[PDB]
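So the chains spell out like this:
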Amino acid sequence: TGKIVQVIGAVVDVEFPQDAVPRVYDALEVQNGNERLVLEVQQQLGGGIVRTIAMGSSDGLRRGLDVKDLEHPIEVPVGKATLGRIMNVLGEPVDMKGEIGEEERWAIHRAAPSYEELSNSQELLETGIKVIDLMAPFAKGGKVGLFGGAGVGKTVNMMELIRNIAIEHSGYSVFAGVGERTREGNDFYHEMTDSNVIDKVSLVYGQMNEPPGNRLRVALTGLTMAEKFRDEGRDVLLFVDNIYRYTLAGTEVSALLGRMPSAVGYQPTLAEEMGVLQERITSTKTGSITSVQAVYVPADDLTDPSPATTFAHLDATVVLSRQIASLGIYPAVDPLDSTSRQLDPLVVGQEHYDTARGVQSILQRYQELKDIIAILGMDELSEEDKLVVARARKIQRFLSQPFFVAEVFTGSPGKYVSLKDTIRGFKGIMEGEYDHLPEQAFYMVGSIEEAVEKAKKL
Amino acid sequence: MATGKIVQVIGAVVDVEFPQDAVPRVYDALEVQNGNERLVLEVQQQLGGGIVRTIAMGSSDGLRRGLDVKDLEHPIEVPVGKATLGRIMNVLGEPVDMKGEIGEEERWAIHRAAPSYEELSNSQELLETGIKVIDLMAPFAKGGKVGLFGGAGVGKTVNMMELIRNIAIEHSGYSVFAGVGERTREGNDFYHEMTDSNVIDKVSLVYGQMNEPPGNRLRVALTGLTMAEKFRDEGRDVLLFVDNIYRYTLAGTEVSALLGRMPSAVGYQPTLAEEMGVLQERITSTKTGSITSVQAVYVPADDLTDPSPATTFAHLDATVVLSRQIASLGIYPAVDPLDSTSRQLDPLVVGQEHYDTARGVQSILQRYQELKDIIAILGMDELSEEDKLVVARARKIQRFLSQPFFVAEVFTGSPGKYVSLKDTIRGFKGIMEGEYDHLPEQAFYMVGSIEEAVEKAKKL
Amino acid sequence: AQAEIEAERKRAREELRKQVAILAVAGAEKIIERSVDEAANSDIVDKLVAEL
Amino acid sequence: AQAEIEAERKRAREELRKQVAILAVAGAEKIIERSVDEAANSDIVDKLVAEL
Amino acid sequence: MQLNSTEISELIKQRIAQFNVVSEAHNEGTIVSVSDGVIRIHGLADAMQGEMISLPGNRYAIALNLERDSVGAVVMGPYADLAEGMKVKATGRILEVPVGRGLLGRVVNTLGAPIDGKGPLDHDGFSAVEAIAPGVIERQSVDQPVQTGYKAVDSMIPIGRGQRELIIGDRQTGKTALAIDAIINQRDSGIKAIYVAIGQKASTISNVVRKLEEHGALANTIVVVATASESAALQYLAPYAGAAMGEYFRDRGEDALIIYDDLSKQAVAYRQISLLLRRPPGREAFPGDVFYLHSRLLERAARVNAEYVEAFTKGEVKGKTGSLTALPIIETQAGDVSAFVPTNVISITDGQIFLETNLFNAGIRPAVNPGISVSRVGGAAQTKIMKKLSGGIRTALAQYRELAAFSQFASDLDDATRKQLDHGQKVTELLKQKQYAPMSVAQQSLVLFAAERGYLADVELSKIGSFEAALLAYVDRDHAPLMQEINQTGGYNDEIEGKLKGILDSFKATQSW
Amino acid sequence: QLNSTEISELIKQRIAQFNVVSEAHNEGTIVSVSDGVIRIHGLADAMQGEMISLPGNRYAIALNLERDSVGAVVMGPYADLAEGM
Amino acid sequence: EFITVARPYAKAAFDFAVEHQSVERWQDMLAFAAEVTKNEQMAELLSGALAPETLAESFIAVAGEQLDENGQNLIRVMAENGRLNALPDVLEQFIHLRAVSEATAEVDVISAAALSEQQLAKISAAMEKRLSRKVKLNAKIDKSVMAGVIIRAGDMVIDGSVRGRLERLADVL
Ligand SMILES: Nc1ncnc2c1ncn2[C@@H]1O[C@H](COP(=O)(O)OP(=O)(O)OP(=O)(O)O)[C@@H](O)[C@H]1O
Ligand SMILES: Nc1ncnc2c1ncn2[C@@H]1O[C@H](COP(=O)(O)OP(=O)(O)OP(=O)(O)O)[C@@H](O)[C@H]1O
Ligand SMILES: Nc1ncnc2c1ncn2[C@@H]1O[C@H](COP(=O)(O)OP(=O)(O)O)[C@@H](O)[C@H]1O
Ligand SMILES: [Mg+2]
Ligand SMILES: [Mg+2]
Ligand SMILES: [Mg+2]
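What the entry reports as its method is cryo-EM, with 3.2 Å given for the resolution.

As annotated in the PDB entry, chain E carries the name ATP synthase subunit alpha and comes from Escherichia coli.

The name the PDB entry assigns to chain A is ATP synthase subunit beta, from the organism Escherichia coli. Per UniProt, chain A carries the Function (unreviewed entry) text "Produces ATP from ADP in the presence of a proton gradient across the membrane. The catalytic sites are hosted primarily by the beta subunits." The heading Sequence similarities (unreviewed entry) in the UniProt record of chain A holds the text "Belongs to the ATPase alpha/beta chains family. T3SS ATPase subfamily."

Structure follows, in C-alpha cells:
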C-alpha cells in the first residue's frame with residue numbers, strides 16, 4: 001500500500017493513501033533485497049506522507065518500493081519463555097536456539113504507572129563494596145547510577161554488583177545491553193552459562209555495531225520484559241549496560257527528523273525522551289524493580305546536558321573519577337560527589353551517618369589544603385593540618401578494594417566486606433587508632449584486620 | 001474607518017495588511033479591539049506589499065487573525081508639562097494612579113531627533129552629592145550623565161535613593177523618574193516615599209514594570225525622556241532618573257528575533273549600538289536648559305565585558321562601578337575606586353588640592369592590590385616594612401570609603417551620615433599621612449567623618 | 001473495612017443492575033422532544049440482563 | 001487510618017459512577033436504534049432550522 | 001456502608017434533566033500534521049492566541065502560533081493517538097483551573113485533576129491560569145514575617161510576606177529540603193502552602209508528600225505536580241497553575257506560600273516547545289521571551305492593600321491585606337551564575353539564598369553562603385527581637401571569612417583579630433541545624449543572644465552544639481512563660497534583655513553542656 | 001516556501017505586459033523599509049557602491065545587487081521613507 | 001504547502017480578469033494549466049532544474065488553449081520564481097476569491113436520510129440570512145448519523161445529529 005519517497009540515512013519517508021495513513025509508532029514492513037526490514041513510524045507529515053526510522057540497515061533501499069502496513073506497534077515476547085535467552089530489539093531470538101515459546105507479546109511503548117500505584121521502601125541492600133554502601137548505600141527497589149568517563153570502571157563495578165546482589169537475590173533478572181561492546185556481551189553470556197545461572201536471566205542486546213534505530217528502542221524492549229515480571233508480582237533486577245547510548249541514538253536521528261538543534265547540539269526533546277524511559281523503571285505496590293544503570297560521561301564533562309538530566313532520575317549516584325583511577329585506586333569512586341537518598345540517620349542510623357559525614361569532612365579539608373601543598377610543600381602546614389593529611393591519605397587507600405571479577409587484572413584474590421567491618425574500619429582510622437601504620441598498609445586490603453597484617457610485612 | 005487586518009500573531013509581534021495606497025508609516029501607532037480592551041500596536045517595519053510588522057503595547061492574548069485595525073496617522077503621543085507632575089503614567093501616557101484624567105494642554109511624540117551640534121553646552125559646574133567615594137573619586141557636574149554600574153544585588157537602587165534624597169530634594173526644580181523594567185514592589189515604595197516626604201508634587205513618574213509585555217518596556221524610557229525634554233525646552237533645569245537602562249536593550253533583544261533580524265555577538269540584536277545611541281543622545285544639556293541624569297546599569301554576571309554595559313560606558317560622563325567582590329565583604333557603598341572615574345576629575349575643575357588627593361588614594365590602593373597577592377600565600381612578614389606600612393594605610397583607606405546611608409537604616413539599624421566635600425578631602429589626607437596610623441582597621445568601617453573614626457576606635 | 005466495601009460492592013451490583021433499566025429518559029426524552037411509547041418494551045430488559 | 005478508609009469509600013462511588021454512565025449511553029444508543037422514527041427525525045430537522 | 005449505591009443512580013439520572021437539546025455553533029479545523037506533541041491545523045479562522053482547542057476524546061491543545069493559513073498548537077497530554085484529518089473544534093475558552101479552600105491536602109496535576117486517589121475535588125469554582133498581576137497602586141509594602149525555622153535564614157536572610165526569594169545552588173545541596181521545611185513550619189502560622197513540582201520523578205513526590213504527612217503540614221498544603229513523564233506543555237503551565245491557586249488566598253486576605261521547585265525545568269520545557277514550533281533560538285538555544293516567562297510568573301507574588309481586597313470581594317472582606325510569597329528554586333551547573341536562565345531569575349527576584357557544595361561537604365548544613373546571599377527586604381521582614389540581634393550577625397560573619405583568608409599563615413594575631421578569628425568560628429558552628437527540626441522565634445532569639453552577648457566565648461567549639469541543645473532544654477522546662485511572651489509578641493525591651501541575661505547567667509552557672 | 005518580492009500589483013503589471021524592460025533602467029521604487037535598509041525594485045543599471053537619490057535630497061548606497069531587487073542603506077534619517085516612493 | 005505562495009498570483013489574476021471582464025475564461029485557462037501540471041512526463045520536467053525560460057517556453061508549448069497575451073505571461077511570471085506546481089492551488093483560490101466577489105457560498109448538508117424540498121428551502125433561506133450571501137446547497141447524507149442533520153458552511157458548523165448529542169451527553173461524565 002505505501003510507497004517509499006525518501007531515504008536519508010536511517011530515516012525513510014513513506015506515502016500512503018490518505019484514508020489509510022498509519023498511526024504514530026506503528027510498525028511497517030518492506031522487502032530489502034533478500035531480507036525483511038521493519039520501519040517504525042515517528043511523525044505524520046502532511047498529504048499522507050509519514051516519517052519513519054529503520055530498525056536495520058537502510059542501504060539498498062530504492063525509492064518506489066512497496067511498503068506493507070502492520071496494524072500494530074513493535075511487540076516483543078514476555079514472560080518466562082524469555083528467561084535464559086538472548087534477544088534482538090525486535091524480540092527475535094539471537095542465540096542459535098529455536099523459536100521463543102511465547103504465550104504473549106507486549107508493545108514496547110507503554111505509559112508509566114500512576115502516582116497512586118507507587119510504593120516506598122527503606123530496606124537497605126548490602127553490597128560487597130566498602131565505598132558504595134558506606135558513602136552511597138541503596139535500597140531494594142531503588143535506582144543506582146554509575147557515572148564515569150571512558151575507561152574508568154563502570155562495567156567492572158556493575159559486574160561486582162551482579163555477582164554480589166544478583167546471586168544472593170533469588171528472583172529473576174534482566175540485563176539490557178544498550179550500545180556497548182559485543183565482545184562483552186559474549187563474555188557475560190558464557191560466564192552465566194558456565195555458572196548455570198543463565199536460566200534466571202533475560203538478555204536483550206543492541207550493541208554499538210547496530211544502526212541507530214536498534215540502539216534507541218532496545219532499551220524499551222528491555223524494560224517491557226522487566227515490567228512483565230514486575231506485574232506478575234515478582235522482585236526483579238534490571239541492569240542497563242549504558243543508558244547514554246539511548247540519548248545519543250536520539251541525537252543521531254533528530255536532525256534527519258527535521259528538529260532544530262538545541263544546546264550542545266542535542267535534540268530539543270532530550271529531557272522528555274529520557275524522562276519517559278526513566279519513569280517506567282519504578283517499583284510498585286504490585287512488585288519491585290531494583291535497577292543499576294551505567295552512565296557514560298562524554299569528554300568527562302559532568303555538566304553536559306545528558307549526564308545533568310540523568311542525575312535527577314536516580315536515588316543513588318556513584319561518580320567515578322579518571323584522576324583517581326590514574327592513581328590506581330580502584331574502584332575509582334569520588335566520595336565528595338557520590339551521594340545517596342539513603343544516607344539519612346533515620347534509615348541508616350547514627351553510627352553509619354556520623355562515619356560517612358566524618359570521612360566527607362576530612363576529605364573535603366584535604367582538597368582545601370592541596371593548593372597550599374602544591375606550591376609550598378607540606379612542611380608549611382600546621383601540625384594539625386599535617387594530621388588531617390596523614391589521615392586523609394590513609395582513608396583514600398582504605399577505600400580501595402580487591403574485586404573477584406578483577407582477579408584477571410590484579411591477580412590478588414577478591415574480598416567481600418561487611419557493613420559492620422567498613423564502618424568500624426573508617427571510624428577507627430578517624431579516631432586515630434591506626435596512625436602508626438604506613439599508607440601502603442591500607443591499599444587494596446579487604447578489612448582493617450588485613451591492613452594490620454599487611455603492615456607487619458610493610 | 002478601520003482599514004487593515006491582522007494576518008499573523010506570533011508572540012508579541014503582529015502583522016497587519018493594509019491597502020497598498022494607505023500603508024502606515026514606520027513608528028505610527030495602530031489600534032485594535034482585543035475583545036473589550038482597546039490595544040495599541042507600534043509599526044516597526046514595512047515589508048512586502050501593504051504588510052507591516054508591529055509590536056503590541058499590551059498582551060497579544062485573544063487576538064485573532066482577521067481583526068480590523070485602525071490607522072492612527074501619528075506616532076505614540078504622550079502628555080507633557082506641569083500636568084504630569086505628581087502623576088504616575090504608563091508607556092502610553094495613561095494615568096495608572098487612579099487619580100483621574102491627566103488634564104494636559106499639549107502632547108508630544110515620543111520619537112524625536114537629538115539636539116544638533118550647534119545647540120550643545122559644556123557648563124561643567126561641580127555638583128556635591130555628600131557621598132565620600134563619589135565626591136572624591138567621581139565628582140558630578142550639573143548637566144552631566146552619571147552611570148551606576150553593577151551586577152545584581154550590589155546597591156544601585158539604594159545608591160540612587162540616596163542621590164535622590166540629597167540632590168533631588170535640594171534641587172528646587174522638576175524631576176522625572178523613569179521606572180524602566182522595574183519591580184512593581186519598589187515602584188510602589190518609591191511613590192509612597194515621595195508622598196510621605198511630601199516632594200511628589202515636584203516629580204512625575206513613568207513606570208513600565210517587568211510584568212508588562214515586551215513592547216511596553218521597549219518604549220517606556222522614551223516616554224520619560226519626552227517629558228524631560230519638554231521641561232528642558234521650557235528652559236528649566238531638570239533631573240532625570242532611569243531605573244535600569246539595560247532592560248530597554250533586553251526588550252529590544254526579545255522582539256529582535258521575531259522581527260526577523262539575524263543575531264549578533266552574545267546573541268544581541270545587531271542594532272544594539274544604534275538603539276543605545278539614539279536613546280542616549282537625547283539626554284543632553286543644551287543652551288536653553290540642562291538635564292542632569294543618573295542611570296542605573298545592570299551588568300550581567302558582573303562581566304563588564306558584556307556588549308550592553310560595555311557600549312553604554314562611552315555615553316556617560318561619570319561612571320561609578322559597584323563590585324560584588326567588595327559587596328561580598330559587606331562594605332557598602334561598594335564603589336570600586338580603581339574603576340570608577342569622572343570627566344570632571346582634573347585640576348582645571350577640581351583644583352589641585354582635590355586632584356592630588358584622589359590620585360594619591362588611587363596609587364595606594366593600586367599598590368596594595370599587588371601586595372595582597374604576596375601576603376595570601378607567603379604571609380605579611382615577607383614584605384618590606386614600608387610595604388607593610390602601605391598595606392596598613394591602604395587597608396584603612398579601603399574601610400574609610402564606607403559610609404552609612406539614611407536610606408539604608410532598615411538594613412543597617414544605624415544612623416546615616418552626610419559629609420561635605422571639604423571634610424572628605426581632609427580625611428583622606430590624614431590617612432595618607434601619619435595622623436591615624438595608630439587606629440585599627442575596624443575603627444574606620446561604616447563610620448562617617450574621620451573626626452568620629454577616633455571615637456569608634458575608643459569604643460572598639 | 002476494605003473487606004466490607006469488597007462485600008458491599010457485590011451488594012451494589014444489584015442496584016446498578018436495577019437502575020440501568022431507566023434509560024428511556026436519557027435517550028428518548030432528550031432527543032424525541034415529545035415523550036415516547038415504549039417500542040423497546042422487550043429490548044429494555046434485554047439490555048439490562050445482557051449488559052450487567 | 002479513618003481518613004484512609006473514608007477516601008477509598010469515596011473513590012469506590014466515583015468508580016461505580018464511571019461504570020454505569022458508559023453502559024447507559026451505550027444502551028441509550030440502542031433505544032435510538034430501536035425507537036427512532038422518520039417523523040421524529042423530521043421533527044429534529046424542522047426544529048433546528050427554525051432556530052438556527 | 002454504601003447505601004449510596006441507590007442514590008448515585010438518582011444523581012446520574014438527573015444529569016439528563018440538566019443536559020440541553022440546543023444545537024450550538026463552532027469554528028472547525030483539520031489536523032494536517034502530528035509530531036512530538038505539536039500539531040498543525042488548517043482552518044480555524046476564528047481561533048485566538050492562547051485559546052483552548054478541543055480534540056477527539058476529552059483532550060485539548062493550546063494555540064500558540066497563529067500564522068497565515070495554519071495554526072500551530074501544543075497538546076496537553078498523550079498526543080500519539082491523534083491523526084491527520086481529525087476534526088478539531090475551537091471553543092471560546094481560555095485555560096482555567098479548579099481553585100478554592102478544598103484543594104488543601106490534595107495532590108493535583110497542572111490541569112487540576114486529583115491524582116492522589118482521594119476521590120473528586122471540592123472547589124470554589126474556576127480561575128484563569130494566565131492573569132495579570134496587581135499594579136503599582138494596588139500593592140502594599142512588605143513588612144510581616146514568614147518564618148523559615150532555620151537559624152541561618154531567619155537571622156541572616158529574612159523573608160517577608162509577599163517577597164520573592166530565590167533558592168539557588170548545585171544539585172544535591174539541600175535546595176528542596178529548605179523549601180519543604182519552610183512548608184512544614186507554616187503548619188501553625190496560618191500561611192497556606194503550595195508546592196509545585198516541575199519535572200521531578202513521581203516517586204520523589206511520593207517521598208515529599210509522605211514527609212509532609214508525617215508532620216501536620218500536608219493538611220495545610222496544596223501539591224501541584226507535573227512529573228518528568230508529562231508533556232512539556234503540562235510542565236510549562238504548572239507554575240502558572242500553582243500561582244492561580246495561591247492568588248485565591250491572596251485576593252481573599254489570607255497568606256499563601258508557593259514553592260516552584262526547579263524553575264529551570266520549566267524553562268527547559270519552554271525551550272522544547274519553542275524549538276518544536278520552529279521559533280528562532282536565541283542565546284544558549286533558549287527563546288528570547290524566556291525572561292517574560294519567569295518575570296510575569298513571579299510578579300504575581302505580591303502583597304495587596306486592603307482596598308484591592310475590598311473591591312475584589314465586593315465588600316465581603318474589609319480591612320485585611322492579602323499576600324502571596326514565592327520561593328523559586330534554580331539549579332546551577334557548577335556555581336556558574338552566568339547561564340541565561342539563572343541570570344534572568346536573579347534579576348527578577350527580591351534576593352537569593354546561595355547553597356553551595358564546598359560548605360555542604362564541610363558539614364555546614366544548611367550550606368548558606370552569607371556573602372553572596374542577600375535579602376532586599378531585610379529588617380522590615382523581621383520581628384524586632386530578631387531584627388536587633390541578627391543585623392550584626394551576617395556582615396560580621398562575611399568579614400570573618402575574609403579575615404580567615406588573610407590570617408591563614410600569619411603566626412601573630414592582634415587580640416581584636418584573635419577575638420574575631422574565634423567569634424566567627426563559633427557563630428559558624430552555631431548556625432548548623434538538622435533537617436526537619438525547625439526552631440521557634442524565641443528559641444532562635446535565645447541562641448543568637450548567647451552569641452551576640454558573648455556567653456559562647458569560653459565554651460569549646462564541639463560543645464557549642466551540645467551547649468545549644470542543653471540551653472533549649474533548660475529554658476523550656478524552667479522559663480516557658482518568657483518563650484510564650486517572645487513567640488507571641490516578638491517584642492524586645494530592657495526587661496526582655498534583662499530576663500534573657502538572667503537566663504544565660506543562670507543556665508551557664510547551674511547546668512552542664 | 002516563502003514569497004520573494006512576489007506581490008500582487010507587480011505581478012498584475014507583468015500579466016498586462018511582460019516586457020516591462022521597456023521602462024527606463026535609471027529608476028525604481030522602494031518595496032521595503034526597515035532598520036535603515038531599503039529594498040528597491042528596478043534600477044536595472046545600478047552598480048556596486050552607487051549613490052541612489054531619495055526624496056528629501058537624501059542618498060543611499062547600493063550594496064546588494066540581487067536578481068530581483070537592490071538592497072541599499074540610507075545615509076541619513078530613514079523613518080519617513082515609505083514603499084512606493 | 002503551496003497555499004501561501006499561491007495567494008499573490010491568485011489575487012493578481014482575479015483583479016486583472018475583472019478589469020478585463022473575462023473571469024469565466026481565466027477559470028478555464030487555470031484549470032487547463034493545472035492539468036498539464038499533473039502529467040507524469042511534465043512532472044519530471046517540472047522537478048528537474050531547467051532554466052526558467054527554457055522551462056516556460058516548453059510549458060507554453062504544451063498549451064495552445066491559453067490566452068497567450070495574458071495567459072503566457074502568468075506562466076512566465078511563475079516560472080521565473082519556480083512556482084508552477086502552485087497552479088492547482090492558484091486555481092482553487094481564484095475560485096474562492098470569485099465566489100466572495102460574487103457574494104455566493106457553497107454549503108454542505110449531512111443527514112441520516114434524504115431531505116424534503118421544504119426542508120432544503122428552510123435551510124437555504126436561513127443560511128442566506130446567516131451569511132448575507134447567496135447559498136447553493138449540496139446534500140451528502142450518511143451511513144453513520146442515525147438521526148438529525150449537520151450543516152457546514154465555510155468552516156462554521158451547526159450540529160443537530162443524534163450522534164453528536166449522544167457523545168455531547170456522555171461528555172457530562
Ligand atoms: N576494581 C578494579 N580493579 C582493577 N582494575 C579495574 C577495576 N576497575 C576498573 N579497572 C580497569 O579499568 C579498565 C576499564 O574498566 P571498565 O572496562 O569497567 O570501563 P568501562 O565501563 O568499560 O568504560 P567504557 O564503558 O567507557 O569503556 C579495565 O582495564 C579494568 O582493569
Ligand atoms: N540541614 C540538613 N542537614 C543534613 N542533611 C541535609 C540537610 N538538608 C538536606 N540534607 C540532605 O541533603 C541531601 C539532598 O537534599 P535535597 O534533596 O533537598 O537537595 P537538592 O538540592 O534538592 O537535590 P536535587 O538537586 O537532587 O533536587 C539529602 O540527603 C538530605 O537528607
Ligand atoms: N548602602 C547600603 N547599606 C546597607 N545595605 C545595602 C547597601 N547597599 C546595598 N545593600 C544591601 O543589598 C541589598 C540590595 O541592594 P539594592 O540596591 O536594593 O539592589 P540592586 O543593587 O540590585 O538595585 C539591599 O537590600 C541591602 O540588603
Ligand atoms: Mg563499559
Ligand atoms: Mg535594583
Ligand atoms: Mg530537590
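Past the structure itself, the notes keep going.
A. Looking closely at the sheet that holds strand β12 (residues 143–148) of chain A. Residue and element names in this part refer to chain A. One open sheet holds the eight strands; their spatial order is β8-β14-β13-β15-β16-β12-β17-β18, and the pairing between them is mixed. Here the strands that pair on one side only, and so sit at the sheet edges, are β8 (86–87) and β18 (339–340). Examined bridge by bridge, β12 and strand β16 (residues 288–296) share six bridges and lie parallel to one another. Bridge assignment links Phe-147 to a residue of β16, and that residue is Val-295.

B. Spotlight on the site of ligand 3. Within the structure, ligand 3 sits among 14 residues, and B:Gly153, B:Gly155, B:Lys156, B:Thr157 and B:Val158 are positioned closest to it. One chain alone does not account for the residues near ligand 3; they come from chains B and E. In this structure, an oxygen atom belonging to ligand 3 sits 3.2 Å away from a main-chain N or O atom of B:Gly153. A distance of 2.5 Å separates an oxygen atom of ligand 3 from a polar atom in the side chain of B:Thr157.

C. Representation of the pattern of salt bridges in the model. Enumeration over the complete set of coordinates arrives at 118 salt bridges over all chains. We note a salt bridge from E:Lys201 to A:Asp315, for which the minimum N-O separation is 2.8 Å. Of this pair, E:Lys201 sits in the loop between β11 (192–198) and α4 (202–214) while A:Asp315 sits in the loop between α7 (305–311) and β17 (316–319), placing the two residues on different chains. Residues joined in a network through salt bridges with shared partners are B:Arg183, B:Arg185, B:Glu186, E:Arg164, E:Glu299 and E:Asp350.

D. Fine view of the pairing of strand β13 (residues 255–261) of chain E. Residues and elements named next belong to chain E. β13 sits mainly inside the fold: seven of its seven residues count as buried. Of the two faces of β13, both are covered, the one formed by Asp-255, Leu-257, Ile-259 and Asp-261 as well as the one formed by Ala-256, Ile-258 and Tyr-260. One ladder, built from six bridges, connects β13 with strand β14 (residues 323–331); its direction is parallel. Bridge assignment links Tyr-260 to a residue of β14, and that residue is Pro-328.

E. Broad picture of the interface of chain B and chain E. Counting residues at the interface gives 54 residues for chain B, matched by 58 residues for chain E. Summed over both partners, the interface of chain B with chain E buries about 5000 Å², with 54% contributed by carbon and sulfur atoms. The three residues of chain B that bury the most area against chain E are B:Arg65, B:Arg183 and B:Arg185, which together make up 14% of that side's buried surface. Across the contact surface, chain B and chain E share six salt bridges. Measuring nitrogen to oxygen at the nearest pair gives 3.1 Å for the salt bridge that ties B:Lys372 to E:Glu402. Taken together, the links from chain B to chain E amount to 20 residue pairs in polar contact. When residues of the side of chain B that touches chain E are traced back to their parent elements, those giving at least two are β1 (4–10), α3 (184–196), α4 (214–234), α5 (245–258), α9 (347–378) and α11 (409–412) of chain B.

F. Geometry of the side chain of E:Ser373. All names here are of chain E. Within the secondary structure, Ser-373 is located in the loop between α10 (357–362) and β16 (374–375). A distance of 2.8 Å separates the side chain of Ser-373 from the backbone oxygen of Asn-369, its partner in a polar contact. Contacts of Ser-373, omitting those with residues within four sequence positions, involve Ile-157, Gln-352, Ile-353, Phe-354, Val-368 and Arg-394.

G. Main features of the domain arrangement of chain A. All names here are of chain A. Taken as a whole, chain A is organised into domain 1 (2–75), domain 2 (76–340) and domain 3 (350–456). Computed over C-alpha atoms, the centres of domain 1 and domain 2 are 29 Å apart. Contacts between domain 1 and domain 2 engage 19 residues on the former and 17 residues on the latter. Buried surface at the junction of domain 1 and domain 2, both sides included, amounts to about 1500 Å², of which 67% is carbon and sulfur. Area buried by domain 1 at its contact with domain 2 is led by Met-55, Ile-74 and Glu-75, which between them contribute 39% of it. Our count for the domain 1 to domain 2 interface comes out at one salt bridge. One salt bridge connects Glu-40 with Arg-217, and the closest N-O pair in it is separated by 2.8 Å. Counting the contacts that link domain 1 with domain 2 gives six residue pairs in polar contact. For the side of domain 1 that touches domain 2, the elements supplying multiple residues, two or more each, are β4 (35–44) and β5 (49–54). Ranked by residue count, the leading element in the side of domain 1 that touches domain 2 is β4, at five residues. For the side of domain 1 that touches domain 2, the class distribution of residues is 10 nonpolar, five polar and four charged.

Basis of the calculations
- Residues numbered from 1 in each chain as written, not as in the entry; some residues may be left out.
- Chains lettered and ligands numbered in written order.
- Part of a larger assembly, values for the part shown.
- Heavy atoms only, no water.
- UniProt positions renumbered as here; feature names shortened; annotations may be inferred.
- Pairing = 2+ DSSP bridges.
- Helix = DSSP H or I, 4+ residues; strand = E, 2+ residues; numbered from the N terminus.
- Near = heavy atom within 4 Å.
- Polar contact = N/O pair within 3.5 Å; in protein donor to acceptor, adjacent residues only side chain to side chain.
- Salt bridge = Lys/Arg side-chain N within 4 Å of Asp/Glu carboxyl O.
- Buried < 20%, exposed > 50% of the residue type's maximum accessible area, 1.4 Å probe, protein only.
- Contact = heavy atoms within 4.5 Å.
- Buried area = accessible area lost by both parts, 1.4 Å probe.
- Domains from an automatic or database assignment.
- Nonpolar A, V, L, I, M, F, W, Y, C, P; charged D, E, K, R; others polar.

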